[PDB]
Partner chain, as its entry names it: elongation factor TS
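Read the single chain below, which is given as C-alpha coordinates and is the form deposited without the partner chain.
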(Lines give C-alpha, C1' and ligand atoms only; values in the text may rest on other atoms or scores of the structure.)
Protein backbone atom coordinates (compact mmCIF):
# COMPACT_ATOMS: atom_id res chain seq x y z
CA UNK A 1 0.00 0.00 0.00
CA UNK A 2 2.59 2.54 -1.16
CA UNK A 3 5.24 4.21 1.02
CA UNK A 4 5.75 3.69 4.76
CA UNK A 5 5.55 6.94 6.73
CA UNK A 6 7.19 7.02 10.17
CA UNK A 7 4.96 9.18 12.36
CA UNK A 8 5.42 7.40 15.70
CA UNK A 9 7.69 4.92 17.50
CA UNK A 10 7.50 1.31 16.34
CA UNK A 11 7.17 -1.71 18.67
CA UNK A 12 6.93 -5.44 17.96
CA UNK A 13 4.41 -7.42 19.98
CA UNK A 14 2.61 -10.71 19.52
CA UNK A 15 0.41 -13.43 20.97
CA UNK A 16 1.54 -16.57 22.80
CA UNK A 17 -0.29 -19.08 24.99
CA UNK A 18 -1.75 -22.60 25.06
CA UNK A 19 -3.53 -24.08 22.03
CA UNK A 20 -7.07 -22.76 21.44
CA UNK A 21 -6.93 -20.13 24.19
CA UNK A 22 -7.77 -17.41 21.67
CA UNK A 23 -4.56 -15.88 20.28
CA UNK A 24 -5.71 -15.50 16.67
CA UNK A 25 -9.21 -14.31 17.56
CA UNK A 26 -7.58 -11.66 19.77
CA UNK A 27 -5.13 -10.65 17.02
CA UNK A 28 -8.06 -10.09 14.66
CA UNK A 29 -10.01 -8.14 17.30
CA UNK A 30 -7.02 -5.83 17.87
CA UNK A 31 -6.94 -4.90 14.17
CA UNK A 32 -10.68 -4.16 14.07
CA UNK A 33 -10.79 -2.17 17.30
CA UNK A 34 -7.75 -0.07 16.40
CA UNK A 35 -9.04 0.49 12.84
CA UNK A 36 -12.10 2.35 14.14
CA UNK A 37 -9.85 5.00 15.75
CA UNK A 38 -7.13 5.01 13.07
CA UNK A 39 -7.93 4.71 9.32
CA UNK A 40 -4.37 3.60 8.52
CA UNK A 41 -5.25 0.24 10.12
CA UNK A 42 -6.48 -2.44 7.72
CA UNK A 43 -8.72 -4.96 9.47
CA UNK A 44 -7.76 -8.62 9.52
CA UNK A 45 -10.45 -11.24 10.06
CA UNK A 46 -9.85 -14.66 11.59
CA UNK A 47 -9.51 -16.37 8.21
CA UNK A 48 -7.11 -13.71 6.96
CA UNK A 49 -4.71 -14.79 9.73
CA UNK A 50 -5.22 -18.58 9.75
CA UNK A 51 -5.16 -18.46 5.98
CA UNK A 52 -2.96 -21.40 4.91
CA UNK A 53 -4.62 -24.55 3.51
CA UNK A 54 -2.86 -26.62 6.19
CA UNK A 55 -4.19 -24.31 8.91
CA UNK A 56 -7.73 -24.75 7.59
CA UNK A 57 -7.18 -28.52 7.37
CA UNK A 58 -5.84 -28.96 10.86
CA UNK A 59 -7.97 -26.19 12.47
CA UNK A 60 -5.06 -24.51 14.26
CA UNK A 61 -2.51 -21.78 13.65
CA UNK A 62 0.62 -23.32 12.14
CA UNK A 63 2.57 -20.40 10.68
CA UNK A 64 3.29 -17.19 12.54
CA UNK A 65 1.32 -14.34 10.98
CA UNK A 66 2.31 -10.69 11.08
CA UNK A 67 -0.42 -8.05 11.38
CA UNK A 68 -0.17 -4.29 11.73
CA UNK A 69 -2.11 -1.90 13.89
CA UNK A 70 -1.50 1.36 15.68
CA UNK A 71 -2.71 3.45 18.59
CA UNK A 72 -2.38 7.20 19.01
CA UNK A 73 1.00 6.57 20.68
CA UNK A 74 2.75 3.88 18.66
CA UNK A 75 2.86 1.75 15.53
CA UNK A 76 2.77 -2.02 16.12
CA UNK A 77 3.75 -5.12 14.20
CA UNK A 78 2.12 -8.11 15.88
CA UNK A 79 3.29 -11.71 15.49
CA UNK A 80 0.55 -14.27 16.18
CA UNK A 81 2.09 -17.65 17.20
CA UNK A 82 0.72 -21.20 17.16
CA UNK A 83 -0.12 -22.75 20.53
CA UNK A 84 -0.14 -26.37 19.42
CA UNK A 85 2.63 -28.40 21.07
CA UNK A 86 3.89 -29.70 17.72
CA UNK A 87 4.54 -26.18 16.35
CA UNK A 88 6.70 -24.83 19.18
CA UNK A 89 9.54 -24.27 16.69
CA UNK A 90 7.40 -21.74 14.82
CA UNK A 91 6.34 -20.07 18.07
CA UNK A 92 9.98 -19.67 19.09
CA UNK A 93 10.81 -17.87 15.81
CA UNK A 94 7.79 -15.61 16.42
CA UNK A 95 8.74 -14.76 20.01
CA UNK A 96 12.26 -14.01 18.79
CA UNK A 97 10.76 -10.95 17.11
CA UNK A 98 8.77 -9.55 20.04
CA UNK A 99 9.62 -6.49 22.16
CA UNK A 100 6.80 -7.66 24.42
CA UNK A 101 4.36 -10.58 24.35
CA UNK A 102 0.65 -10.78 25.01
CA UNK A 103 0.13 -14.04 26.92
CA UNK A 104 -3.38 -15.28 26.20
CA UNK A 105 -4.91 -17.56 28.83
CA UNK A 106 -8.42 -18.99 28.73
CA UNK A 107 -10.46 -18.13 31.82
CA UNK A 108 -12.33 -21.38 31.29
CA UNK A 109 -9.23 -23.57 31.30
CA UNK A 110 -6.62 -21.67 33.30
CA UNK A 111 -2.90 -22.07 32.59
CA UNK A 112 -2.02 -25.24 30.66
CA UNK A 113 1.23 -26.92 29.53
CA UNK A 114 1.95 -24.50 26.68
CA UNK A 115 1.14 -21.53 28.89
CA UNK A 116 4.19 -22.60 30.88
CA UNK A 117 6.27 -23.64 27.87
CA UNK A 118 5.63 -20.38 25.97
CA UNK A 119 6.57 -18.22 28.97
CA UNK A 120 9.83 -20.16 29.40
CA UNK A 121 10.69 -19.99 25.70
CA UNK A 122 9.73 -16.30 25.33
CA UNK A 123 12.35 -15.63 28.01
CA UNK A 124 15.01 -17.65 26.17
CA UNK A 125 14.63 -15.63 22.96
CA UNK A 126 14.74 -12.35 24.83
CA UNK A 127 11.11 -11.23 25.26
CA UNK A 128 11.54 -8.55 27.93
CA UNK A 129 7.93 -7.84 29.01
CA UNK A 130 4.62 -9.71 29.13
CA UNK A 131 1.02 -8.43 29.26
CA UNK A 132 -1.71 -11.00 30.04
CA UNK A 133 -5.09 -11.21 28.35
CA UNK A 134 -7.46 -13.54 30.21
CA UNK A 135 -9.77 -14.57 27.37
CA UNK A 136 -13.23 -16.17 27.13
CA UNK A 137 -14.49 -14.57 30.36
CA UNK A 138 -17.87 -14.62 28.58
CA UNK A 139 -17.84 -18.37 29.33
CA UNK A 140 -17.13 -18.03 33.05
CA UNK A 141 -19.73 -16.74 35.50
CA UNK A 142 -17.78 -17.45 38.70
CA UNK A 143 -15.59 -14.51 39.87
CA UNK A 144 -13.70 -16.89 42.17
CA UNK A 145 -12.48 -18.99 39.24
CA UNK A 146 -11.30 -15.83 37.44
CA UNK A 147 -9.33 -14.68 40.47
CA UNK A 148 -7.81 -18.17 40.75
CA UNK A 149 -6.79 -18.17 37.09
CA UNK A 150 -5.14 -14.76 37.49
CA UNK A 151 -3.33 -15.90 40.66
CA UNK A 152 -2.02 -19.03 38.94
CA UNK A 153 -0.84 -17.09 35.89
CA UNK A 154 0.92 -14.45 37.99
CA UNK A 155 2.66 -17.21 39.96
CA UNK A 156 3.65 -19.02 36.77
CA UNK A 157 5.27 -15.85 35.42
CA UNK A 158 7.19 -15.48 38.70
CA UNK A 159 8.69 -18.94 38.15
CA UNK A 160 10.39 -17.68 34.98
CA UNK A 161 11.61 -14.38 36.42
CA UNK A 162 8.92 -12.18 34.96
CA UNK A 163 7.40 -9.72 37.46
CA UNK A 164 4.23 -11.81 37.73
CA UNK A 165 2.70 -9.71 40.48
CA UNK A 166 3.12 -6.56 38.42
CA UNK A 167 2.02 -7.51 34.89
CA UNK A 168 -1.28 -6.12 33.63
CA UNK A 169 -3.91 -8.85 33.46
CA UNK A 170 -6.74 -7.74 31.19
CA UNK A 171 -10.00 -9.73 31.31
CA UNK A 172 -12.26 -9.95 28.28
CA UNK A 173 -13.60 -11.78 25.24
CA UNK A 174 -11.72 -11.54 21.96
CA UNK A 175 -14.66 -13.18 20.18
CA UNK A 176 -17.40 -10.88 21.49
CA UNK A 177 -15.28 -7.82 20.70
CA UNK A 178 -14.63 -9.14 17.20
CA UNK A 179 -18.35 -9.82 16.77
CA UNK A 180 -19.23 -6.28 17.81
CA UNK A 181 -16.70 -4.83 15.35
CA UNK A 182 -18.22 -6.93 12.54
CA UNK A 183 -21.70 -5.58 13.32
CA UNK A 184 -20.34 -2.02 13.64
CA UNK A 185 -16.78 -1.51 12.32
CA UNK A 186 -17.03 2.13 13.42
CA UNK A 187 -17.62 1.11 17.04
CA UNK A 188 -15.61 3.56 19.10
CA UNK A 189 -14.16 3.38 22.60
CA UNK A 190 -16.76 3.79 25.34
CA UNK A 191 -19.65 2.36 23.31
CA UNK A 192 -19.25 -1.34 23.93
CA UNK A 193 -18.24 -3.45 26.94
CA UNK A 194 -16.16 -6.01 25.02
CA UNK A 195 -14.49 -3.54 22.70
CA UNK A 196 -13.46 -1.44 25.70
CA UNK A 197 -11.62 -4.49 27.14
CA UNK A 198 -9.57 -4.58 23.94
CA UNK A 199 -8.86 -0.88 24.53
CA UNK A 200 -7.69 -1.79 28.05
CA UNK A 201 -5.28 -4.22 26.42
CA UNK A 202 -4.08 -1.60 23.91
CA UNK A 203 -3.57 0.88 26.75
CA UNK A 204 -1.56 -1.74 28.66
CA UNK A 205 0.51 -2.51 25.58
CA UNK A 206 1.13 1.24 25.01
CA UNK A 207 2.21 1.93 28.57
CA UNK A 208 3.66 -1.26 30.05
CA UNK A 209 5.73 -2.46 27.09
CA UNK A 210 8.48 0.13 26.61
CA UNK A 211 9.98 1.06 23.26
CA UNK A 212 13.34 -0.77 23.32
CA UNK A 213 16.71 1.00 23.16
CA UNK A 214 17.88 0.18 19.63
CA UNK A 215 21.16 0.86 17.85
CA UNK A 216 21.01 1.93 14.23
CA UNK A 217 24.73 2.78 14.11
CA UNK A 218 26.08 -0.76 14.61
CA UNK A 219 26.50 -3.08 11.59
CA UNK A 220 23.23 -4.21 9.99
CA UNK A 221 21.96 -7.48 11.45
CA UNK A 222 18.61 -9.14 10.68
CA UNK A 223 17.80 -12.67 11.81
CA UNK A 224 15.79 -14.30 9.02
CA UNK A 225 12.38 -15.53 10.21
CA UNK A 226 10.89 -16.67 6.89
CA UNK A 227 11.70 -16.79 3.17
CA UNK A 228 9.37 -16.87 0.19
CA UNK A 229 9.18 -16.20 -3.52
CA UNK A 230 7.15 -13.26 -4.75
CA UNK A 231 5.88 -13.83 -8.30
CA UNK A 232 7.55 -11.25 -10.54
CA UNK A 233 9.86 -9.81 -7.84
CA UNK A 234 12.04 -12.62 -6.49
CA UNK A 235 13.14 -13.99 -3.11
CA UNK A 236 12.08 -12.18 0.08
CA UNK A 237 13.64 -12.80 3.50
CA UNK A 238 11.56 -11.50 6.41
CA UNK A 239 12.63 -10.66 9.93
CA UNK A 240 12.98 -8.06 12.64
CA UNK A 241 16.06 -5.89 12.13
CA UNK A 242 18.18 -6.34 15.28
CA UNK A 243 20.50 -3.42 14.70
CA UNK A 244 21.82 -1.03 12.09
CA UNK A 245 20.09 -0.06 8.84
CA UNK A 246 19.48 -1.47 5.38
CA UNK A 247 18.79 0.42 2.13
CA UNK A 248 17.97 -0.81 -1.36
CA UNK A 249 21.34 -1.16 -3.13
CA UNK A 250 23.22 -2.31 -0.01
CA UNK A 251 25.32 -5.44 -0.33
CA UNK A 252 24.54 -7.90 2.49
CA UNK A 253 25.89 -11.30 3.52
CA UNK A 254 23.71 -14.33 4.22
CA UNK A 255 25.32 -15.88 7.30
CA UNK A 256 24.93 -19.31 8.93
CA UNK A 257 23.63 -22.82 8.14
CA UNK A 258 25.66 -23.08 4.90
CA UNK A 259 29.34 -24.14 4.65
CA UNK A 260 30.10 -20.60 3.51
CA UNK A 261 28.60 -17.13 3.62
CA UNK A 262 27.27 -15.66 0.40
CA UNK A 263 26.72 -12.07 -0.66
CA UNK A 264 23.68 -10.55 -2.34
CA UNK A 265 22.27 -7.10 -3.16
CA UNK A 266 19.11 -5.85 -1.45
CA UNK A 267 16.64 -4.83 -4.17
CA UNK A 268 13.63 -4.08 -2.00
CA UNK A 269 12.68 -3.23 1.57
CA UNK A 270 9.10 -3.17 2.83
CA UNK A 271 7.19 -3.12 6.11
CA UNK A 272 3.61 -4.40 5.91
CA UNK A 273 3.65 -4.22 2.10
CA UNK A 274 4.66 -0.54 2.24
CA UNK A 275 7.97 0.63 0.71
CA UNK A 276 10.70 1.65 3.16
CA UNK A 277 13.30 4.23 2.14
CA UNK A 278 15.45 2.63 4.84
CA UNK A 279 14.88 -0.33 7.17
CA UNK A 280 16.18 0.45 10.68
CA UNK A 281 16.65 -1.47 13.94
CA UNK A 282 13.27 -2.59 15.26
CA UNK A 283 11.49 -2.62 11.89
CA UNK A 284 9.62 -5.77 10.89
CA UNK A 285 10.58 -6.02 7.24
CA UNK A 286 10.70 -8.03 4.04
CA UNK A 287 14.02 -7.75 2.22
CA UNK A 288 14.13 -8.65 -1.48
CA UNK A 289 17.41 -10.39 -2.29
CA UNK A 290 18.83 -10.46 -5.78
CA UNK A 291 20.32 -13.53 -7.42
CA UNK A 292 19.26 -16.01 -4.73
CA UNK A 293 16.31 -18.44 -4.78
CA UNK A 294 14.23 -19.57 -1.80
CA UNK A 295 16.45 -22.66 -1.65
CA UNK A 296 19.52 -20.43 -1.07
CA UNK A 297 18.28 -18.48 1.94
CA UNK A 298 16.38 -19.90 4.90
CA UNK A 299 14.97 -19.27 8.36
CA UNK A 300 17.71 -19.06 10.99
CA UNK A 301 20.36 -17.52 8.78
CA UNK A 302 21.06 -13.84 9.40
CA UNK A 303 21.49 -10.98 6.93
CA UNK A 304 24.49 -8.89 7.95
CA UNK A 305 26.80 -6.13 6.82
CA UNK A 306 29.49 -8.00 4.87
CA UNK A 307 32.40 -9.08 7.08
CA UNK A 308 30.65 -8.04 10.31
CA UNK A 309 29.69 -11.52 11.52
CA UNK A 310 31.69 -14.72 11.85
CA UNK A 311 29.32 -17.67 12.44
CA UNK A 312 30.38 -20.30 15.00
CA UNK A 313 30.02 -24.03 15.72
CA UNK A 314 31.41 -24.61 19.20
CA UNK A 315 30.67 -22.91 22.52
CA UNK A 316 30.53 -23.34 26.29
CA UNK A 317 27.18 -22.80 27.96
CA UNK A 318 25.57 -22.56 31.38
CA UNK A 319 22.45 -24.70 31.16
CA UNK A 320 19.45 -25.38 33.40
CA UNK A 321 17.88 -28.75 32.63
CA UNK A 322 14.10 -28.72 33.22
CA UNK A 323 12.53 -30.99 35.82
CA UNK A 324 9.77 -33.31 34.57
CA UNK A 325 7.30 -31.17 36.54
CA UNK A 326 8.17 -28.36 34.11
CA UNK A 327 7.51 -30.55 31.07
CA UNK A 328 11.16 -31.55 30.81
CA UNK A 329 12.87 -34.94 30.65
CA UNK A 330 12.14 -37.74 33.10
CA UNK A 331 15.71 -39.02 32.92
CA UNK A 332 19.20 -37.60 32.55
CA UNK A 333 21.54 -37.48 29.56
CA UNK A 334 25.19 -38.20 28.75
CA UNK A 335 27.93 -36.76 26.55
CA UNK A 336 26.86 -37.29 22.96
CA UNK A 337 23.26 -36.27 23.74
CA UNK A 338 22.11 -34.67 20.50
CA UNK A 339 19.18 -32.26 20.93
CA UNK A 340 18.04 -29.19 18.99
CA UNK A 341 19.25 -25.71 20.00
CA UNK A 342 17.18 -22.54 19.43
CA UNK A 343 18.91 -19.15 19.16
CA UNK A 344 16.59 -16.32 18.06
CA UNK A 345 15.11 -17.64 14.77
CA UNK A 346 17.77 -20.34 14.35
CA UNK A 347 17.13 -24.02 15.05
CA UNK A 348 20.10 -26.38 14.77
CA UNK A 349 21.19 -29.81 16.00
CA UNK A 350 24.14 -29.85 18.36
CA UNK A 351 26.21 -32.37 20.26
CA UNK A 352 26.63 -32.16 24.03
CA UNK A 353 30.13 -32.81 25.33
CA UNK A 354 30.31 -32.91 29.14
CA UNK A 355 33.57 -32.38 31.02
CA UNK A 356 35.82 -35.34 31.93
CA UNK A 357 34.41 -36.55 35.24
CA UNK A 358 30.87 -35.38 34.53
CA UNK A 359 29.25 -38.60 33.35
CA UNK A 360 25.61 -37.54 33.46
CA UNK A 361 23.34 -34.51 33.78
CA UNK A 362 19.98 -34.84 35.59
CA UNK A 363 16.71 -32.86 35.34
CA UNK A 364 16.96 -29.97 37.81
CA UNK A 365 20.71 -29.60 37.35
CA UNK A 366 22.36 -26.27 36.70
CA UNK A 367 25.37 -27.35 34.68
CA UNK A 368 28.06 -26.09 32.31
CA UNK A 369 29.10 -27.95 29.17
CA UNK A 370 30.29 -27.70 25.57
CA UNK A 371 28.09 -27.84 22.48
CA UNK A 372 29.21 -28.48 18.95
CA UNK A 373 26.63 -27.44 16.37
CA UNK A 374 26.41 -29.42 13.14
CA UNK A 375 26.17 -26.17 11.11
CA UNK A 376 27.69 -22.73 11.72
CA UNK A 377 25.31 -20.11 13.09
CA UNK A 378 25.50 -16.47 14.14
CA UNK A 379 26.29 -16.68 17.87
CA UNK A 380 27.58 -14.45 20.64
CA UNK A 381 28.49 -14.57 24.33
CA UNK A 382 25.54 -13.90 26.63
CA UNK A 383 23.01 -15.10 24.04
CA UNK A 384 20.22 -17.15 25.64
CA UNK A 385 18.92 -20.31 24.01
CA UNK A 386 16.49 -23.18 24.45
CA UNK A 387 17.23 -26.87 24.12
CA UNK A 388 14.55 -29.23 22.84
CA UNK A 389 14.49 -32.91 21.96
CA UNK A 390 11.75 -35.36 20.98
CA UNK A 391 9.09 -32.66 20.77
CA UNK A 392 9.66 -31.29 24.25
CA UNK A 393 11.64 -28.49 25.86
CA UNK A 394 14.40 -30.01 27.97
CA UNK A 395 16.70 -27.11 28.79
CA UNK A 396 17.41 -23.39 28.96
CA UNK A 397 20.90 -22.03 28.52
CA UNK A 398 23.09 -19.05 27.82
CA UNK A 399 26.30 -19.00 25.76
CA UNK A 400 29.20 -18.27 28.14
CA UNK A 401 32.19 -18.56 25.82
CA UNK A 402 32.69 -18.98 22.07
CA UNK A 403 35.28 -21.68 21.37
CA UNK A 404 35.10 -21.83 17.59
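Positions refer to the first chain, counted from 1.
The question of which stretch, 36 to 44 or 334 to 342, has the higher mean Cα B factor is settled in favour of 36 to 44. For the pair 101 to 109 and 245 to 253, the mean Cα B-factor is higher in 245 to 253. Listed residues 53, 350, 364, 59 were ranked by CA B-factor as deposited; 364 comes out on top. Across 264, 77, 229, 277, the entry's maximum B-factor at the CA atom is seen for 277.
When all modelled residues of the chain are sorted by CA temperature factor, residue 382 is found within the highest third. Residue 269: CA B factor lies in the middle third for its chain, per the PDB record. Among the modelled residues of its chain, residue 154 has a C-alpha B-factor that falls in the middle third according to the deposited record. Sort the modelled residues of the chain by CA B factor and residue 193 lands in the highest third. Per the deposited record, the Cα B-factor of residue 68 falls in the lowest third when ranked against the other modelled residues of its chain.
What follows is about the form deposited with the partner chain bound, which we do not show.
With the partner chain left out of view, the stretch that reaches within 4.5 Å of it through heavy atoms in the bound PDB entry is, among 359 to 367, 338 to 346, 375 to 383, 24 to 32, 359 to 367. Site annotation in the bound PDB entry: the residue of 258, 248, 230, 139 reaching within 4.5 Å of the partner chain with a heavy atom is 139.
When you look in the bound PDB entry, the only residue of 103, 121, 174, 201 with a non-hydrogen atom within 4.5 Å of the partner chain is 121. Put simply, residue 239 is far from the partner chain in the bound PDB entry: not one heavy atom of it is within 4.5 Å. The partner chain in the bound PDB entry comes within 4.5 Å of no heavy atom belonging to residue 269. Remark: residue 128 does not count among the residues lining the partner chain in the bound PDB entry, judged by a heavy atom distance of 4.5 Å or less. Using a 4.5 Å cutoff between non-hydrogen atoms, residue 154 does not count as a contact of the partner chain in the bound PDB entry.
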